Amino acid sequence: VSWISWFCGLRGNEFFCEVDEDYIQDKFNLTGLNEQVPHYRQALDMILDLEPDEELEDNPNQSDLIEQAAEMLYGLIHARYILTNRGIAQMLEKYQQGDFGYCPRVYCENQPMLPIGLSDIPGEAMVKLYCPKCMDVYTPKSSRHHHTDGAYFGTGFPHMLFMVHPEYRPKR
């Protein structure tokens, strides 16, 4: 399985959706990201499953540092991706599956929530959950999601989704 499929499958990455390879392959979609993550070249290669460099001698491995970079880069791409009609389509799918959890308010009656970020700057805050019914923001019940940066989901995702799919917005 692809790096992306492998990543989105890990424990804690349930909120993520699989970004279409072609979206990533189009340089125009990643403009600006390459200057936010270290080892951008090797990291983007790892995400797309390509020959992982030469790698010769004592040359300290710095391997893990690249794995982390791929992780950050995938996140930033994810953020942009889920604003596009295709990404939104995929998230809407998970939404229908309750992939993001249900609102804990007793009166929201288990309204499924959408992931959301309190900030678009990486390292600011971890991902939170937005209930479209009571329109408030909650902390995920599972600690497994307490290390997922919210910037990988953005502050305007939930808004975008309902803008494109008004029919799913809770009534009254």
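All residue numbers refer to positions in the sequence shown, first residue = 1.
- Mean CA temperature factor is higher for 18-26 when stretches 18-26 and 157-165 are set side by side in the entry.
- Relative to its counterpart among 53-61 and 119-127, 53-61 has the higher mean temperature factor, C-alpha atoms as listed in the PDB entry.
- When the Cα B-factors of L114, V37, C103, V137 are read from the PDB record, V37 comes out highest.
- In the PDB entry, a CA B factor belonging to the lowest third of its chain's modelled residues is recorded for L92.
- The deposited CA B-factor of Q68 belongs to the middle third of values across its chain.
- Ranked by C-alpha B-factor against the other modelled residues of its chain, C108 falls in the lowest third.
- Among all modelled residues in this chain, the alpha-carbon of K141 has a temperature factor (C-alpha) in the lowest third.
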